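**Student:** Experimental coordinates for this protein are included below, preceded by the sequence.
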Amino acid sequence: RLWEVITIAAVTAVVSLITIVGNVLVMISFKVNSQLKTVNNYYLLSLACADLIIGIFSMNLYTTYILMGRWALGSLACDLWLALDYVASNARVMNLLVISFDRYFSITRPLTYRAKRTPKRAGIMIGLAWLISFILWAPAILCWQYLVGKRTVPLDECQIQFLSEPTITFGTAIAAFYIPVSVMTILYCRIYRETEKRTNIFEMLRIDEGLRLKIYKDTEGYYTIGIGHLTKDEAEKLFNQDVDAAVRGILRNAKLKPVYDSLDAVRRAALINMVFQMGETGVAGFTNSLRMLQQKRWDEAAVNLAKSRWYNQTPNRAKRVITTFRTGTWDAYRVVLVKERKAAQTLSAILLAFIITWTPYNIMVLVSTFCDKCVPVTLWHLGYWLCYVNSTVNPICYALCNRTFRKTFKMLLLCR
Ligand SMILES: C[N+]1(C)[C@@H]2C[C@@H](OC(=O)C(O)(c3cccs3)c3cccs3)C[C@H]1[C@@H]1O[C@@H]12
Ligand SMILES: CCCCCCCC/C=C/CCCCCCCC(=O)OC[C@H](O)CO
Ligand SMILES: CCCCCCCC/C=C\CCCCCCCC(=O)O
């Protein structure tokens, strides 16, 4: 048993040190590389805070508890450790949920969500995650004994009072793990479905006009759906019909036909994008720019289009379309596509780490719901510690799927 105690203590000390060093590296990287100070990474910083809490306090307190075979720190210390544990881990779950929704709405809502993403909005979401986790788990763990009247926790053990019943534990697993995991998986499936296709007209108009599966009200209040069209998943045929109608309307327009016949395929795609945004009449209003584009004067037409209401209403979309006219390449949209693909890979890595490390404990909860104390305490301990290991593996996720994080980590480690 002594050999076992030494081995467990050594392994868990090593794992705790790796967790601490990794999340401190994440924080130092966020601090000393301005290229990492993006809206996406503030959520990752929140995750690193939860993981550092897990690595310093949770791992060491839990391992001392299991090695001593009892709790020898007092009931208040047990309740404080359990509260810290459950609040920080629920905060991690909420942070993963808000990361999922942030990425999803960035992909699907460019005007209503993506153009409005500031670090303060992200900080609101982060603080709400932490505050809701706190007000849900700390009062329960600390005052359920006062709610029932008596404290039915054994003096030598450290467990939460109400989570002994299998039905309450099952409800907690459903509302706290299974429903969040289902939501994150559905959101990631949608994000991934929008990251398989190469750079084309569909992806261009999706970047400019996000894809919505449900009928919504546009900026003017009209019932639009899909890619700016006025409830399904295969809107590709609808998109083809709309771009077919757009080409047919451009070819039947006096000001748009010669320029459309003279432009490259990429520039015809830019013209179709402008027709999608404004219409045939709106694009026909740019007679000067159309004559500049028909005469292959790309720089002149670009600087002429940068002086319109279209450039001031939507700066990013107009800049991309103007760059497409000016260069005749997809690079302005290629850049957004590779950025979104990188974000998606990072999201998938952190989601898989979470799901893999936390799945055994919650499967044990399910089995214990459908049996009578059949899951041994050894397995409970292993599943608990495995959920801790999420906090250890998350910085390795950042290092394996973000080249900026990887470069900053190598700079810090080698002390460059
Ligand atoms: C190792 N933990 C620190 C403890 C045990 C695990 O708990 C979980 O996986 C559970 O689904 C459940 C525990 C009991 C019933 S359902 C969650 C609890 C809070 C959010 S999700 C993971 C985390 C969480 O802080 C608890
Ligand atoms: C334990 C229960 C705690 C209950 C909740 C109390 C704490 C809430 C704090 C939220 C800070 C999040 C806001 C900061 C996140 C990003 C916003 C921002 O702009 O931060 C810029 C700066 O660079 C970043 O250090
Ligand atoms: C998505 C995460 C879901 C989190 C689920 C939280 C589980 C809540 C379980 C029990 C809380 C019961 C109400 C506690 C009241 C606090 C004061 C008291 O204990 O009397």
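**Tutor:** Arrived safely, thanks for sending. Residues are numbered from 1 along each chain as shown. Ligands and ions are numbered 1, 2, ... in the order given.

**Student:** anything in the helix or strand hosting residue 48 near ligand 1?
**Tutor:** Using DSSP states H and E, residue 48 sits in helix 39-53. No: Helix 39-53 does not reach ligand 1 (Cβ under 6 Å from any ligand atom); its nearest approach is 10.2 Å. C-beta: built from backbone N, CA, C; applies to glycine.

**Student:** Please identify the buried residues of the helix or strand following that helix?
**Tutor:** Using DSSP H and E, the helix or strand that follows helix 39-53 towards the C-terminus is helix 59-68. For helix 59-68, burial by neighbour count (16 or more other Cβ atoms under 10 Å) applies to 59, 61-63, 65-66.

**Student:** Extract the CA atoms of helix 59-68 and return them as CSV.
**Tutor:** C-alpha atoms of helix 59-68 as CSV (Å, rounded to 0.1, in the frame of the first residue of the first chain):
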residue,chain,number,x,y,z
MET,A,59,-5.8,17.9,-7.9
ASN,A,60,-3.7,18.2,-4.8
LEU,A,61,-6.7,18.2,-2.4
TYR,A,62,-8.3,15.3,-4.1
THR,A,63,-5.1,13.2,-4.1
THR,A,64,-4.5,13.9,-0.4
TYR,A,65,-8.1,12.9,0.3
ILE,A,66,-7.8,9.6,-1.5
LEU,A,67,-4.3,8.8,-0.1
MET,A,68,-5.2,9.5,3.5
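
**Student:** tell me the angle whichever helix or strand comes after that helix makes with helix 39-53.
**Tutor:** Going down the chain from helix 59-68, the next helix or strand is helix 75-108, by DSSP H and E. Computed by axes from the mean of the first three to the mean of the last three Cα atoms, to 10 degrees, the angle separating helix 75-108 from helix 39-53 equals 160 degrees.

**Student:** relative to helix 59-68, how tilted is helix 75-108?
**Tutor:** Using the same axes, to 10 degrees, the inter-axis angle of helix 75-108 relative to helix 59-68 is 140 degrees.

**Student:** Give me the packing partners of helix 75-108, helices and strands only.
**Tutor:** helix 39-53, helix 119-148, helix 179-193, helix 331-369, helix 377-401 (3 or more Cβ pairs under 8 Å, 6 or more residues apart in numbering; DSSP states H and E).

**Student:** Dump the ones you listed into TSV; add mean neighbour count as well.
**Tutor:** TSV is the format used below for the helices and strands packed on helix 75-108 (neighbours: other Cβ atoms under 10 Å):
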stretch	mean neighbour count
helix 39-53	22
helix 119-148	15
helix 179-193	16
helix 331-369	17
helix 377-401	19
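
**Student:** Could you pull out the buried residues of the lengthiest strand in the chain?
**Tutor:** Under DSSP state E, the strand in the chain containing the largest number of residues is strand 212-217. Residues of strand 212-217 classed as buried by neighbour count (16+ other Cβ under 10 Å): residue 212.

**Student:** Neighbouring strands - and their directions - for it?
**Tutor:** Using DSSP bridges, strand 212-217 pairs in its sheet with strand 223-226 (antiparallel).

**Student:** tell me which of the buried residues of helix 59-68 is nearest to residue 213?
**Tutor:** residue 59 (41.8 Å; Cβ to Cβ).

**Student:** Find the residue closest to that closest one in space, skipping its chain neighbours.
**Tutor:** Nearest residue to residue 59, sequence neighbours excluded (Cβ to Cβ, 6 or more residues apart in numbering): residue 16, at 4.4 Å.

**Student:** For the residue nearest the centre of the chain, give its distance to residue 86.
**Tutor:** Closest residue to the average C-alpha location of the chain: residue 99 at 2.8 Å, with Cα atoms, centre = their mean. To residue 86, residue 99 is 20 Å away according to Cβ to Cβ, to the nearest Å.

**Student:** and the host helix or strand of residue 410, which residues are buried?
**Tutor:** Assigned by DSSP H and E, residue 410 falls within helix 403-414. Residues 405, 407-409 are the ones in helix 403-414 that count as buried (16+ other Cβ under 10 Å).

**Student:** can you give me the angle that helix makes with helix 331-369?
**Tutor:** Going by the same axes, to 10 degrees, helix 403-414 makes 80 degrees with helix 331-369.

**Student:** Report all helices and strands that the helix holding residue 48 contacts.
**Tutor:** Using 3+ Cβ pairs under 8 Å, 6+ apart, helix 39-53 sits against helix 2-32, helix 75-108, helix 119-148, helix 331-369, helix 377-401.
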